[PDB]
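> Experimental coordinates for this protein are included below, preceded by the sequence.
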Amino acid sequence: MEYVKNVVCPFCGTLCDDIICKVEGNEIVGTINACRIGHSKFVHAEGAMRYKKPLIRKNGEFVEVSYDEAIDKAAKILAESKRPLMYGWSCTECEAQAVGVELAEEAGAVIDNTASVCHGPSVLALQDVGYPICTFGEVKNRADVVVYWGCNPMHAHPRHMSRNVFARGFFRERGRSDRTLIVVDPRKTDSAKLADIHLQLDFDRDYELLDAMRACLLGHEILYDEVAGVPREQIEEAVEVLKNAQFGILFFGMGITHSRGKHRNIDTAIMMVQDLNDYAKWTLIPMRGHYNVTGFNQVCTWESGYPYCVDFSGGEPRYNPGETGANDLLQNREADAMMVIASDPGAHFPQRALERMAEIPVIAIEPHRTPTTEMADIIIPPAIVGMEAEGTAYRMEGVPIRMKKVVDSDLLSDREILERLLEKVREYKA
Amino acid sequence: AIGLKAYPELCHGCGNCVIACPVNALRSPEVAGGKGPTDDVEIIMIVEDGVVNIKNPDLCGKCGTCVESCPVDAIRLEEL
Amino acid sequence: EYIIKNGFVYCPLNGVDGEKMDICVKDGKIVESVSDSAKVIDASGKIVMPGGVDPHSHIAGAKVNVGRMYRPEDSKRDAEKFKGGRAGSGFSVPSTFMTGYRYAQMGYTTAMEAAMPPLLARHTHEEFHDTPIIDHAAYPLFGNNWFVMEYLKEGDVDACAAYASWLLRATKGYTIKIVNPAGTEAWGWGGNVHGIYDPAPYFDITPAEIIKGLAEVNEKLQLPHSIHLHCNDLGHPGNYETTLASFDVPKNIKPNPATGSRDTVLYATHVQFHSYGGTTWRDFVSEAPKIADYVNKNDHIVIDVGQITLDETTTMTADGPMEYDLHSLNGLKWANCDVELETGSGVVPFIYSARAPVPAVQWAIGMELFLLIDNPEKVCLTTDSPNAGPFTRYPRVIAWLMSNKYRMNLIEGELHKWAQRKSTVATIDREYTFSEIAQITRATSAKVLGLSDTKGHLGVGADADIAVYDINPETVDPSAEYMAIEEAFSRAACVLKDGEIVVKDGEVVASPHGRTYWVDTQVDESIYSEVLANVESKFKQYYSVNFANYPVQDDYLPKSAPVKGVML
Amino acid sequence: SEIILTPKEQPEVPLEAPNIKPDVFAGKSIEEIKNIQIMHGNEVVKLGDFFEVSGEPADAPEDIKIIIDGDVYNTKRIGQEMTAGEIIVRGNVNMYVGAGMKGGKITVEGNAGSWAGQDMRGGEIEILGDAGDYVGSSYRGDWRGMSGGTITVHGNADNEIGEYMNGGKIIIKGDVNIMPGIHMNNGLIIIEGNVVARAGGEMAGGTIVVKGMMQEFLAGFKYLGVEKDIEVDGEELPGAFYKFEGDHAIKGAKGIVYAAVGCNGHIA
Amino acid sequence: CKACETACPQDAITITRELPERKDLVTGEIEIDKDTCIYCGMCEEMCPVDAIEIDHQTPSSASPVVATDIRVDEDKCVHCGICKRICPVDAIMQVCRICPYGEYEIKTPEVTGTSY
Amino acid sequence: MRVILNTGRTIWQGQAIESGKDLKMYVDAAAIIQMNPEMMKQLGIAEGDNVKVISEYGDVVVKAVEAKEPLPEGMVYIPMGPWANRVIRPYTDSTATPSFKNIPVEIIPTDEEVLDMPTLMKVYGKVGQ
Ligand SMILES: Nc1nc2c(c(=O)[nH]1)N[C@H]1C(S)=C(S)[C@@H](COP(=O)(O)OP(=O)(O)OC[C@H]3O[C@@H](n4cnc5c(=O)[nH]c(N)nc54)[C@H](O)[C@@H]3O)O[C@H]1N2
Ligand SMILES: Nc1nc2c(c(=O)[nH]1)N[C@H]1C(S)=C(S)[C@@H](COP(=O)(O)OP(=O)(O)OC[C@H]3O[C@@H](n4cnc5c(=O)[nH]c(N)nc54)[C@H](O)[C@@H]3O)O[C@H]1N2
Ligand code: SF4
Ligand code: SF4
Ligand code: SF4
Ligand code: SF4
Ligand code: SF4
Ligand code: SF4
Ligand SMILES: [Cl-]
Ligand SMILES: [K+]
Ligand SMILES: [K+]
Ligand SMILES: [K+]
Ligand SMILES: [K+]
Ligand SMILES: [K+]
Ligand SMILES: [K+]
Ligand SMILES: [Mg+2]
Ligand code: NA
Ligand SMILES: [S]
Ligand SMILES: [W+6]
Ligand SMILES: [Zn+2]
Ligand SMILES: [Zn+2]
């Protein structure tokens, strides 16, 4: 058996890069250090469908075809389409994402990643009010106060707390004992169970709580005697905890991007972090979901100027989330075709968007059997980034780490599939 | 006697106990700093195949720190 | 091969000042003669200069893309799609393809990214790959680096030199950049340093000791370029004294490049922002004369100005504490990123309105610096792009320098009267020649960066990076027709990049990838092994990544172009 | 004066027609107007391809009256940046109706989508039906939004009307959802119906009037008491209003929310 | 006075009134010498308007004290003198100025409001 | 009973999606509704009993599970997935992001069966092309 070290895990935005892979033959049979989720990706579960070849639905029955036919049929769909949606991207590597931007350009497509169902609202907020962040290493070595706001890292970023809170840092040699841990969540989550402070606020009322907290912070009196289910007195006690930090980090997640107010919940949170810096060093990090959702928003931004919801229909890049986002085009029935790559909107879009996927050509570059492949017309299986293919990924706070190739696969990588898709879309348009 | 016992089927693989343990910290600077070990080291427990895995129970001093760090009671100090 | 005939050649390094003369090029090099089968480029009635060389711009990296991402309104004002090429957007911070195109349109062929955080180096190199045409390099940051601060406090300059050697190779970087030394580390706790004798928390080393020690390291590894200094106390009234004190610290260090012709130990960047008098913003006055005169009298310093362009633009720096202060002043959206053990950064929009008193004075300070410095070989043309303005405004900066009329029209019209009351700009009648502009846009930069063997000149042996501007110096008057000067330097008639035509009549016609210059240094085995053992120890304890995954892998440099420092 | 656009069957992939405005129609024969370019997805097409065109030409935009005699629910950007003249739509419109408008008047006889009057500078927009989100809003990332004009919605609107407003006036005679006046700097918002939550969230200046019921409000506002028979920006208001100043989560905030006393005792 | 608001059988009346702040009807000086203070808590208990606040704690070997600070909130203090009389170590200096300086330092209250 | 529906992650639903969304593991981890024990007794159901969840936007059958992460009174939890996304709020309020969390729903016990993954998707009626 072979032990491959320093492997980067291809699941969540923690992007752990200390994974040991156990390799038998040409196959990954075990892991060390990876959490329960990361391990499940690296190893094959018995009975689980791993598509060996492309597939196409001929009316009602899937048939195996070759790469050249599947890519050909997909290229024609996009070429003849007048509002194609190219969605996903977060679970592949950056060079494939770069090819996707060029392909969306060539097809006059809308290109969009899972940010539109995730921390997109944080993107909208940071575009309006700012983005005061730091890297994990400053948290580990400096953080005096650690807040998890509307995120549940024990279930969604399982090693996040061990690496950033329990870890012993340069100015924090005592690890957990040197930090006040705060969690804000209407549920007593397993993350909240470890907290020194658990603000079990009323759901959908974060914006109100943050308004009281900020008014208090700037010296004003809190109008009502209770906000978001938290009595006035503890609003003030919480603001004092933050003001007296030597170094504070606000980790936030889906509890405020998906909640009532969405991008404006992130907005008010950011500006409080900003204003806290007149009393104490303060910074925040969005708990980005997939291991490379951040990588797409980086690539798309630097190539086009915009991070997601990018519309190339006019040639020029244009950007207005709420119009040009995956769920906007699907639910308003604007999109006339959809290409999914490294994402599962069949499982993870709402009912109203799925109703539209039922009516339009759906292309799916996907290695596994999913609700999206059950709604797909063409299925194209690729080599999996981080296990069978290498490339750049971006951690939740922007740190670039290269994904490693551990074992070989006969399948093509996402990049090769997209470059062939791009060549023949040009062929049709000429 | 009281000893360390793992319940892997409840485990998240999160690594809090591995990092929280002072014996592990003392022997592995990376574990002390919140990382899984990449160096070969002999420590009390590791996360392996996604779950906590006891490798050297004789080094366990039954202090209780790991237990405090687990939110899902997957590692405990009990009889046997 | 190509022959470019009958152009008025301006090449200051070889002392050519407007002579009619043909330039011969073969296989990406400038040659003495070519076959009569060579293709002819007609430069009659036109100016011929070396490809431009920008020594300080922010075009590739994390700090840059945050500015792009959090300003969609900046993209909406200026979004483009050329027929042959890639779409792009961003007036103040353009996307990468637009960035390379627009350098090319104005005849620039080399541009250096001036501030790269080592941990984020892959990011910079990835954006470089998507930046067409221009040759490039990146400056890693050292002035707030934990290893540098710990080694130089013990006085161990040899160990710091070994660390730097490793870091420049690992990030594929080119110069020892220094931004607000010790102060950004103080910003890790929300503070700053004031003056060059104010130490950072814990590390207990002063700015002065950081600057001296790294100058010492710079020449001990025989780097092509000098230390590149962004001073403490940026942008605050009265800081001119901190600047002058800073300038003296490395003067007693002897320059020692192994490659190139650099003869200066200090490069001070965007010093307009470091030339402020007064004590608050209301008694704020220009102190550029004292700065300019220091430069005139001293031979160890080269500067760039950081000229205000009077636009709505975006500021982005490794000077974290300063950007928070700027956000405190103008109330506009603020981004920040502290990088573990390495540096920090901040991003804030700023409107340099001509009608406002403070931007008016800052515009004058930069003009004063260009004009009161007598020798162009000591100065470079910069806007600290985009901090003082987008690099697309270099032609307007040229026009201002070339025209007494352009300046007084702006001084006597839109510019707030503080430009006259609080500076000497109005009394300055000097106008730059076409030779002096070619010096500050090519020669000084190429020479001081250690690239003058192959860049910044039109002599035999140079790379075939050449710009032809549709200006006739015999018939056109720099002073009166300033808008023809601006328009012509904006859209070059013809540009060659490594012998290939990339621009024709202002339009981009080819998209080759440029080279990435980085510095190759070699240090004693024993010093090196011990430092790398110590470095790997702190990675295990204190970094958030693993040592093995940190250095930039070779696939991020398709066009690796190593330059030699000290070897053996 | 009157130029009639009769829509054909509207496509599932929407149209973008910024060029449907008096400024472009001026000085053009009927045939040249048929040949005006509009967008249909990623394809450039002609206005004639989706509209019949009749009526009489005119040389100046202020004398031009465009009538869209039919539903155009799937065409965006009608009247965008028009400076003069009038547009009347006998049916629904999509997004961006009158975005960036500087003068003239648009009347939508049915519903309008989101970003009606985005970045408005002058003129009038009247929407007889319901409106979407971001009535009279700014653009993403920009802190300078609507600076002038009048928007009147006779039905209901949704979220973030007047986002970053900086002048002008919005009147919603119906109800709004949440965050009306979010980040307001200047101007006037009058909501004649109800508000669910967060009126004036993070506003720095301007004035919001609510004549109906605010179900929830915000703790960063200071209660100043009651004012009777207030008059705002040339508009006369009868009755008494609870008066609040905020949002003091913002530094130097001087905005004003007036909430009618009859239905807002729980807010005080 | 709000009598009609109370009396109205239909709750048709709203009467508002802004009263002066407490600080503005009262005048005096108060200082606590925290070095003399031994943190017995008696002033905090006896203060009838809860103007005095003490940062109580459990001692540790690093911080071997039962409190880390004590403060008087002059927005609340009405200068009754109780704390200074009860202090066992005379660590509180307190003097009321109403009688000598009341005409000048305390403004006569204007009571504002509206009706509807 | 009217309750507030909250949705999101679970270590088991993450293990399941990386094992395989075609597997039984995934139905067991994502086709469930987590409830406080008092609420299950108020509804008269035990662990393993099925529940019909109906909202303004859809309906779904999920298996009732006792929450190990306590919920506020009146709230239930369905992990992210196609079952939860039958019923949560689709509208994005012009942000592109749907309202996946905190949705008023009606829950009632049912003897109907939980739909497995491919059977659930047929509700949307995919037409080939
Ligand atoms: N109710 C509810 N719904 C939600 C949410 C919620 O909280 N509640 N959350 C939302 C959020 S934040 C998100 S991000 C989405 C989930 O976003 P999704 O993208 O739907 O998440 P996954 O199901 O993990 O999909 C990733 C897919 O990529 C595939 N994949 C892995 N590696 C590779 C590769 O190298 N190449 C390619 N081509 N494919 C690869 C995997 O098999 C997997 O099917 O769900 C959203 N939906
Ligand atoms: N196991 C597993 N892990 C994953 C994924 C997965 O599918 N499975 N997907 C990945 C992806 S794409 C992402 S984006 C991340 C997401 O990581 P998280 O941000 O943690 O996402 P969620 O688990 O959906 O929501 C977190 C918490 O928000 C709380 N919440 C709900 N409503 C409110 C509210 O009104 N206010 C507040 N303050 N909190 C509220 C919920 O109680 C929940 O505990 O996880 C990633 N990791
Ligand atoms: S944490 Fe996110 S990343 Fe680190 S392992 Fe468990 S999953 Fe892979
Ligand atoms: S008990 Fe004390 S020692 Fe034995 S493991 Fe848990 S922690 Fe390490
Ligand atoms: S035990 Fe409790 S803690 Fe140690 S890993 Fe399994 S879960 Fe995370
Ligand atoms: S009227 Fe003014 S005064 Fe006469 S009662 Fe009602 S309130 Fe007291
Ligand atoms: S009484 Fe005198 S001593 Fe006891 S507390 Fe108040 S002050 Fe300190
Ligand atoms: S004086 Fe009377 S009131 Fe002012 S503090 Fe001492 S006690 Fe409390
Ligand atoms: Cl298990
Ligand atoms: K797997
Ligand atoms: K426990
Ligand atoms: K941009
Ligand atoms: K730092
Ligand atoms: K009454
Ligand atoms: K008391
Ligand atoms: Mg905006
Ligand atoms: Na630095
Ligand atoms: S995500
Ligand atoms: W996500
Ligand atoms: Zn600088
Ligand atoms: Zn700079």
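Looks like it arrived, so ask away. Numbers count the residues shown, from 1 in each chain, chains lettered A, B, ... in the order given. Ligands and ions are numbered 1, 2, ... in the order given.

> From here on, just use CA atoms for contacts and neighbour counts.
Noted.

> I'd like to know how many residues surround residue A:417.
For residue A:417, the number of neighbouring residues by other CA atoms under 10 Å in any protein chain shown comes to 21.

> Contacts for the helix or strand hosting it, please.
Following DSSP states H and E, the helix or strand that holds residue A:417 is helix A:414-429. Applying CA atoms under 8 Å, 6 or more residues apart in numbering or on different chains, the contact partners of helix A:414-429 are A:71-72, A:74-76, A:78-79, A:92, A:95-96, A:99-100, A:102-103, A:106-107, A:365, A:382-383.

> show me which of those neighbour ligand 8.
Near ligand 8, taking CA under 6 Å from any ligand atom as the test, no member of these is found.

> what's residue A:48 sitting at in phi/psi?
Backbone dihedrals for residue A:48, given as degrees, to the nearest 10, come out at phi -90, psi 130.

> And the residue lying closest to it once chain neighbours are set aside, how close does it get to residue A:157?
Sequence neighbours aside, residue F:20 is the residue nearest to residue A:48 in space, at 5.5 Å (criterion: CA to CA, 6 or more residues apart in numbering or on different chains). If you measure residue F:20 against residue A:157 using CA to CA, to the nearest Å, the figure is 19 Å.

> ok so, going back, just the contacts of helix A:414-429: which are in helices?
With DSSP state H as the criterion, helices contain A:71-72, A:74-76, A:78-79, A:95-96, A:99-100, A:102-103, A:106-107 from among these.

> what's the neighbour count on the residue of the stretch 51-200 of chain D found nearest ligand 12?
For the stretch 51-200 of chain D, the residue closest to ligand 12 is residue D:141, as judged by CA to the ion, at 9.5 Å. Other residues within reach of residue D:141 by the criterion other CA under 10 Å amount to 21.

> residues contacting it?
Residue D:141 is in contact with A:124, A:127, A:128, A:129, C:70, C:71, C:72, C:73, counting by CA under 8 Å, 6+ apart.

> which of those residues tops the neighbour count?
Ranked by the number of neighbours (other CA under 10 Å), the contacts of residue D:141 place residue C:70 first, at 29 neighbours.

> ok, now which ones touch that one?
Residue C:70 sits next to A:123, A:126, A:127, A:128, A:130, D:141 when contact means CA under 8 Å, 6+ apart.

> Distance to residue C:216 and secondary structure for those residues - can I get that in CSV?
Listed next are the contacts of residue C:70 as CSV, based on distance: CA to CA, whole Å; DSSP: H, G, I helix; E, B strand; the rest coil:
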residue, distance to residue C:216, secondary structure
A:123, 44, helix
A:126, 41, helix
A:127, 42, helix
A:128, 44, helix
A:130, 39, strand
D:141, 45, coil
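
> would you turn those into CSV with distance to residue D:12?
Written out in CSV, the entries for the contacts of residue C:70 read as follows (distance: CA to CA, whole Å):
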residue, distance to residue D:12
A:123, 29
A:126, 33
A:127, 31
A:128, 32
A:130, 37
D:141, 30
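
> From the residues you listed, pick the one nearest ligand 5.
The nearest member of the contacts of residue C:70 to ligand 5, counting by CA to the nearest ligand atom, is residue A:123 at 31.3 Å.

> measure the closest one to ligand 7 for me?
Taking CA to the nearest ligand atom, to the nearest Å as the measure, residue A:123 and ligand 7 are separated by 52 Å.

> And for residue C:435?
Distance from residue C:435 to ligand 7, by CA to the nearest ligand atom: 79 Å.

> Is that residue in a helix, a strand, or coil?
helix (DSSP: H, G, I helix; E, B strand; the rest coil).

> In contact with it: list those residues for me.
Counted by CA under 8 Å, 6+ apart, residue C:435 has contacts C:10, C:11, C:12, C:17, C:18.

> Give me the neighbour count for the fourth one.
When you say that, I think you mean residue C:17. 16.

> ok, for it, nearest residue in space, not its chain neighbours?
Of all residues beyond its chain neighbours, the one nearest residue C:17 is residue C:10 (4.9 Å), with distances taken as CA to CA, 6+ apart.

> Check whether the residue nearest to residue A:48 really touches residue F:26, as I assumed.
Yes: at 7.0 Å, residue F:20 and residue F:26 qualify as touching, with contact defined as CA atoms under 8 Å.

> Pretty sure the residue nearest to residue C:17 sits against residue C:21.
No: in this structure residue C:10 lies outside contact range of residue C:21 using CA under 8 Å: 9.8 Å.
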